[PDB]
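Asks:
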Amino acid sequence: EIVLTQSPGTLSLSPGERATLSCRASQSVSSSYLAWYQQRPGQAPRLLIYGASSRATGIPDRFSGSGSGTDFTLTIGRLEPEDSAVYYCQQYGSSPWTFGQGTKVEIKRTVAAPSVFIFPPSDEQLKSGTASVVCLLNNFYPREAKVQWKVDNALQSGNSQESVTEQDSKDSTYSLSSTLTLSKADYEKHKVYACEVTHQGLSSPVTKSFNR
Amino acid sequence: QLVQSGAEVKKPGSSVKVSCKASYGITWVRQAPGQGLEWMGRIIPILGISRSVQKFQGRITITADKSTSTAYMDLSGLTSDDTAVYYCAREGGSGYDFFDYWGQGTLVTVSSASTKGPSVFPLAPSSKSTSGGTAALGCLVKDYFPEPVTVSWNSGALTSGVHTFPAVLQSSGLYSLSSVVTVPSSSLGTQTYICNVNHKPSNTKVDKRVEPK
Amino acid sequence: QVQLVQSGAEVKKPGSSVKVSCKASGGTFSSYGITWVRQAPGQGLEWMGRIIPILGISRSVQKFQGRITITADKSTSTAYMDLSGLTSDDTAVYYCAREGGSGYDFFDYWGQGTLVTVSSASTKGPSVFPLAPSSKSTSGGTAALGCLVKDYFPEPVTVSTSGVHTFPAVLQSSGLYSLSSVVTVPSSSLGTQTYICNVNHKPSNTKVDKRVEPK
Numbered sequence: 001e002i003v004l005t006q007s008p009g010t011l012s013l014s015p016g017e018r019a020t021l022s023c024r025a026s027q028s029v030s031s032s033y034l035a036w037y038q039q040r041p042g043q044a045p046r047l048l049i050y051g052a053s054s055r056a057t058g059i060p061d062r063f064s065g066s067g068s069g070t071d072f073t074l075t076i077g078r079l080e081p082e083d084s085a086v087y088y089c090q091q092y093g094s095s096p097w098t099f100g101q102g103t104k105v106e107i108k109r110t111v112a113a114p115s116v117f118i119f120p121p122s123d124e125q126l127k128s129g130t131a132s133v134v135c136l137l138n139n140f141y142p143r144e145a146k147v148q149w150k151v152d153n154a155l156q157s158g159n160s161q162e163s164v165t166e167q168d169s170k171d172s173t174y175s176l177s178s179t180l181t182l183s184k185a186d187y188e189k190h191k192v193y194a195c196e197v198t199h200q201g202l203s204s205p206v207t208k209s210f211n212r
Numbered sequence: 003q004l005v006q007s008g009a010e011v012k013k014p015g016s017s018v019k020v021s022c023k024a031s032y033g034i035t036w037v038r039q040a041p042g043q044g045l046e047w048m049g050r051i052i053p054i055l056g057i058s059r060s061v062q063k064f065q066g067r068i069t070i071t072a073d074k075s076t077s078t079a080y081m082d083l084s085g086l087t088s089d090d091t092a093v094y095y096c097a098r099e100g101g102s103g104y105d106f107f108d109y110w111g112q113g114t115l116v117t118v119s120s121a122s123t124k125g126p127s128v129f130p131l132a133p134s135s136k137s138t139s140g141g142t143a144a145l146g147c148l149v150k151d152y153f154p155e156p157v158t159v160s161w162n163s164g165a166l167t168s169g170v171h172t173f174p175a176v177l178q179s180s181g182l183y184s185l186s187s188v189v190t191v192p193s194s195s196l197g198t199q200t201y202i203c204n205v206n207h208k209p210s211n212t213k214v215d216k217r218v219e220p221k
Numbered sequence: 001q002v003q004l005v006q007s008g009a010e011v012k013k014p015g016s017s018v019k020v021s022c023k024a025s026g027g028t029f030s031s032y033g034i035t036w037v038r039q040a041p042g043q044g045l046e047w048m049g050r051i052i053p054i055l056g057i058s059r060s061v062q063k064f065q066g067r068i069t070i071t072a073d074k075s076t077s078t079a080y081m082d083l084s085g086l087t088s089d090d091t092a093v094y095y096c097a098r099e100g101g102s103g104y105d106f107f108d109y110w111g112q113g114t115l116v117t118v119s120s121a122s123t124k125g126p127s128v129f130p131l132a133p134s135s136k137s138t139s140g141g142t143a144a145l146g147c148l149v150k151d152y153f154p155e156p157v158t159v160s167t168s169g170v171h172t173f174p175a176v177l178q179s180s181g182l183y184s185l186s187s188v189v190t191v192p193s194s195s196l197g198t199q200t201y202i203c204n205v206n207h208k209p210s211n212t213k214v215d216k217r218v219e220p221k
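Chains as they are written, first to last, in the authors' numbering: chain F, 1 to 212; chain E, 3 to 24, 31 to 221; chain H, 1 to 160, 167 to 221.
#1: Would a check of beta-carbon distances place E/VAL205 closer than 7 angstroms to chain H?
#2: Please look up how many angstroms separate the CB atoms of H/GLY125 and H/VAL189, rounded, as I've assumed it's under 8 angstroms.
#3: Check for me: the beta strand (DSSP E) holding E/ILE57 runs from which residue to which?
#4: Taking E/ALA165 as the reference, which of E/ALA143, E/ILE202, E/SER139, E/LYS136 has the closest Cα?
#5: Which runs of the beta strand (DSSP E), 3 residues or longer, sit entirely within the segment 111–187 of chain F?
#6: Spell out whether any CB of chain H is found under 7 angstroms from the CB atom of E/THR76.
#7: Taking all protein chains shown into account, do 16 or more other C-beta atoms lie within 10 angstroms of the C-beta of F/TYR37, making it buried, or fewer, making it exposed?
#8: Exposed or buried, which one is F/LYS150 when buried takes at least 16 other CB atoms within 10 Å?
#9: Check the Cβ-Cβ distances between E/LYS221 and every residue of chain H, and say whether any is below 7 angstroms.
#10: So, for E/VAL61: in the same chain, excluding its five sequence neighbours on each side, which residues have a beta-carbon less than 7 angstroms away from its beta-carbon?
#11: Could you tell me the alpha carbon to alpha carbon distance between H/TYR183 and H/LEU45, rounded to whole angstroms?
#12: Give the C-beta separation of H/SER160 and H/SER179 to the nearest angstrom, bearing in mind that I take them to be a contact with Cβ-Cβ under 8 angstroms.
#13: Does chain F have any CB closer than 7 angstroms to the CB of E/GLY33?
#14: Classify E/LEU4 as buried or exposed, calling it buried when 16 or more other Cβ atoms lie within 10 Å of its own Cβ.
#15: DSSP has E/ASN206 in a bridge; who is on the other side?
#16: Any residues in the segment 109–140 of chain F with a beta carbon nearer than 9 angstroms to a beta carbon of chain E? Which ones, in chain order?
#17: Whole angstroms are fine: how far does the CA of H/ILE70 sit from the CA of H/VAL218?
#18: DSSP state of E/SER7, grouped into three classes?
#19: Would E/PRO156 and E/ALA9 be called neighbours here (beta carbons separated by less than 7 angstroms)?
#20: Output, in chain order, the set of chain F residues within a Cβ distance shorter than 7 angstroms of E/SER186.
#21: So H/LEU196 contacts chain E; which residues on that side make the cut at Cβ distance below 7 angstroms?
#22: Counting Cβ pairs closer than 8 angstroms, one from the segment 162–174 of chain F and one from the segment 68–84 of chain F, do we hit at least three?
#23: Taking F/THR70 as the reference, give the member of F/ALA19, F/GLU188, F/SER30 with the closest Cα.
#24: With 8 angstroms as the C-beta to C-beta threshold (strictly closer), list the residues of the segment 49–81 of chain E near chain F in chain order.
#25: Mind listing the chain E neighbours of H/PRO192? Cutoff is C-beta to C-beta under 9 angstroms, in chain order.
#26: How is the beta strand (DSSP E) around H/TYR109 delimited, first residue to last?
#27: Give the residues of chain F in contact with E/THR87, contact being defined as C-beta atoms less than 7 angstroms apart.
#28: Would you call the CB atoms of E/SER193 and F/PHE117 closer than 7 angstroms?
#29: Can you look up F/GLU82 in the DSSP assignment and give me helix, strand or coil?
#30: Are the CB atoms of E/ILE34 and E/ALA92 within a distance shorter than 7 angstroms?
#31: Can you tell me which of E/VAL118, E/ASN211, E/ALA132, E/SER122 puts its alpha carbon nearest to the alpha carbon of E/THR200?
#32: Which chain E residues are close to H/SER168, counting only those with a beta carbon under 9 angstroms from its beta carbon?
#33: Let's test the definition: count the other Cβ atoms within 10 Å of the Cβ of E/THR172 and tell me whether it reaches 16, buried, or not, exposed.
#34: Take the Cβ of F/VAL197 as the centre, count every other Cβ of all protein chains shown within 10 Å, and call the residue buried at 16 or more, exposed below.
#35: Suppose contacts are defined by Cβ-Cβ distances below 7 angstroms. Is H/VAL20 in contact with H/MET81 by that definition?
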């Protein structure tokens, strides 16, 4: 049993910048008995470093491994956008083998003026249940995007629910899907529905239009 | 490559045999949803030896059938707090017990609420959109309870702009996720008879065609 | 309980000499004979002779008398026959087995066996052949893949433990014969860890290992 600290956590760094990840151990561990792992957005963790010095067979030697006794540091000499992942330092030194809290690397490249689209309800769940409208915000950086629903030119309450996907391995961009489920009957005089987006991207709030 | 089983939905007070098709141990590794990995146990089919962490001891039996070469856990006597994704991973021995190759993973979901079917929802592509680059269309999956539902387009062909959003809890324990794809094939479209969805608990598969309205 | 380990498939020429060596793993030839037992391919066992290293005594069947010498080296505890002056009709698998004495000469523990193949034709090397797993097969249960062994002359050729189906070699147009090895893997995708397909040829002493790829 060894509780262990990690790096600050979320890190914003431009591509081509060195990244340092720390792994202090509350209890002393062997100078070379710790292994740094990397898990991609939605997948199984892949071994990056074993023994705190050696590299896993087929791992590009940007991911240098060092540190001994108490503090172990993983240093990524160059950064590409295919490094955005969660890194865990596991001390297979003691027992039971304690995984690290984990650090998240976010590669800081672009601000991606977003693309806003509406997908207004159609006559398949307007023939059962509760319909739902949706607002897609495809290709945008970073995660600082807020969408508020506008109904018949009147602002809406907190009955939304926004879901944002993780950055793509090559694209390194963040797409969104704010949803407004409604009572299946309530589509009478509310002629127009829209989502208002505020972003680093694009001067204005980019509102939209349904009519139909 | 390590190929596992599929999302068991069990009831608080049940039993789950997660099967990892398997001189190499299998070590199992929990990960509570939105949390950080733990250790759960290790076996070697070559010797039949098994070892378990102290907390999970008296509730877990990790076995393997060396002849047919397939390893299993059996977390009997489990509570609602064990709803987590469980991985199987390859040992290396004594001083080299780092987890080399991993399994895809098998989300166990343990609470006596329900199992509900992926009611697929209208797509309805927007008319006046981009000038050809990205005509966005997506077939939505709402009203289902137990995750997973994988939704590939073109039964796993169109893999170049399939944006999938993580399921978010609705008013009921059910949650919903949305799938979208971008086509340059504006009018007509080549392949538009698409949207395969697989639900591991319900075992219900729905395929629908997209129409520009 | 002494396991008996023998020698390996001598290929000799019609008019030669073969010393089949049965080893008494343990270091211990006790008061225990070695009796040798023929078995022509696809036929029924015979008797060939008996020895006791404890006394050096040997005895042979009448037909095989003047052609066979069965000896043993009690000190290093290893027994041998030496079928000199043999024809083409002695191509058979030969076993070594443990006696019990006078009224109890039933053959308790047996040797693995050593196929002598006697005809002046050739020795040819196990040319291993493509595997090529079928793509669209079972839905995970059995992804069948097998590395074939064709074009070799003298048997045996060990090949490939839970679904290794091996087929007996069958004569081709030439005196050479071919056998096929197949295995079922639950890992259909990438169908990988089977990159051994180790084969051992006792006469040629050629070992070939190949990797399977799903095509």
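Here a beta-carbon is modelled for each residue, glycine too, at the ideal position from N, C-alpha and C.
Replies: This is what the structure gives:
#1: So no, E/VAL205 is outside the interface.
#2: The Cβ separation is near 23 angstroms, so there is no contact.
#3: Element bounds for E/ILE57: 57–60.
#4: Looking at the Cα atoms, E/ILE202 is the closest of the given residues.
#5: Within the segment 111–187 of chain F, the runs of beta strand (DSSP E) at least 3 residues long that lie entirely inside it are, in chain order, 115–118, 133–138, 146–151, 162–164, 176–180.
#6: With 7 angstroms as the cut-off, E/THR76 counts as an interface residue toward chain H.
#7: Flag for F/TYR37 reads buried.
#8: That one is buried.
#9: No, E/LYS221 lies away from the interface with chain H (no Cβ there is under 7 angstroms from its Cβ).
#10: So the qualifying residues of the chain are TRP47, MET48, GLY49.
#11: Using only the alpha carbons, I get a separation of about 24 angstroms.
#12: For a cut-off of 8 angstroms, the C-beta gap from H/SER160 to H/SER179 is around 26 angstroms, too long to register as a contact.
#13: For E/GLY33, no Cβ of chain F is located within less than 7 angstroms of the residue's own Cβ.
#14: Classification for E/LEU4: buried.
#15: DSSP links E/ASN206 through a beta bridge to E/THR158, E/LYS213.
#16: Against chain E - using a Cβ distance shorter than 9 angstroms - the residues of the segment 109–140 of chain F are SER115, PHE117, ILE118, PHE119, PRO120, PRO121, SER122, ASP123, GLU124, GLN125, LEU126, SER128, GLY129, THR130, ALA131, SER132, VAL134, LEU136, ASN138, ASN139.
#17: Looking at the two C-alpha atoms, the distance is approximately 47 angstroms.
#18: If DSSP states are grouped into helix, strand and coil, E/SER7 belongs with coil.
#19: Their beta carbons are under 7 angstroms apart, which means E/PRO156 touches E/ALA9 by this criterion.
#20: Here the neighbours are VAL134, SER177.
#21: Against chain E, the beta carbon of H/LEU196 has neighbours under 7 angstroms at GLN3, listed in chain order.
#22: Counting Cβ pairs under 8 angstroms, three or more are found: they touch.
#23: Relative to F/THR70, the option among F/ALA19, F/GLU188, F/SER30 whose CA is nearest is F/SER30.
#24: Cβ contacts with chain F: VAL61, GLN62.
#25: Within 9 angstroms Cβ-Cβ: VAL5, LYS23, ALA24, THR76, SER77, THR78.
#26: Counting along the chain, H/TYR109 falls outside any beta strand (DSSP E), and DSSP gives it neither H nor E.
#27: The contacting residues do not exist; E/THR87 stays about 20 angstroms from chain F at best.
#28: Judged by their CB atoms, E/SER193 and F/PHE117 are not nearer to each other than the 7 angstroms cut-off.
#29: In this structure, F/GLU82 counts as helix in the three-state DSSP scheme.
#30: Going by C-beta atoms, E/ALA92 is not nearer than 7 angstroms to E/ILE34.
#31: When each option's Cα is compared against that of E/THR200, the closest is E/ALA132.
#32: Within chain E, the residues near H/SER168 are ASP73, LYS74, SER75, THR76, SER77.
#33: By the Cβ neighbour-count rule, E/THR172 is buried, with 16 or more other Cβ atoms within 10 Å of its own.
#34: It counts as buried.
#35: Yes.
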